[PDB]
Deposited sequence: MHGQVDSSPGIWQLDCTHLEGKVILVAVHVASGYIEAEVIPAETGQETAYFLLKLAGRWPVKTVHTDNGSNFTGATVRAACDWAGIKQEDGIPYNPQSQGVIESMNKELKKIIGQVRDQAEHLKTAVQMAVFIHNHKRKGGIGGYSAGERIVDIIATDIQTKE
C-alpha cells in the first residue's frame, strides 16, 4: 500500500501532462512532457522512483508502456506494474494559468497547491503513511 502509485496522462494545449498519484495519500507529482513516448515515460518513472519508495505503478497499460526503455527502467528501479483529483487539478491549472507564461509553470503551481492544501494536506499524509511503514 504505501508503495503504490497510479500514473495517468492528461492533455492540455497540445501537450501531455503525466500525473502520478500516491494512492493512499492523494499526493501528486506531475510534469509536462514533450510527447507520450516510451523514452519520456521511462524518464518520468525513473525520476519518481528516485524521490519516493515506488514499488508498484498502476498505469493505463497503453503503447508508451510496451517498449524496451520503459521495461528496462522499471526493472532497474525495482518497480512492478500491476478522475477525482484530475478535474480539481485541471481546475487549479485554470485558476493559475494567467499568472504564468508557460503551461509547465502553471502545472507546477497546481502541484504545489494540491499537495499543500489543508485536517492534513496530501504532503503531510504521504509522509505520515511512509513513516508509519518504516
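Unmodelled regions of the deposited chain sequence (numbering from residue 1, in sequence order): 1 to 7, 90 to 102, 139 to 143, 160 to 163.
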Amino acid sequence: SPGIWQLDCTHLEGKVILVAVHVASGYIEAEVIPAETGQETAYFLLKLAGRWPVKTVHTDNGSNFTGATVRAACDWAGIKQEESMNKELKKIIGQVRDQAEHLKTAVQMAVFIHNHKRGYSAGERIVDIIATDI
From here on, numbers count along this sequence of modelled residues.
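Per-stretch averaging of Cα B factors for 27 to 35 and 42 to 50 places 27 to 35 on top. The mean Cα B-factor in the deposited entry runs higher for 8 to 16 than for the other of 109 to 117 and 8 to 16. You'll see in the entry that, of 58, 104, 91, 71, the Cα B factor peaks at 91. Ranked by C-alpha B-factor against the other modelled residues of its chain, residue 66 falls in the middle third.
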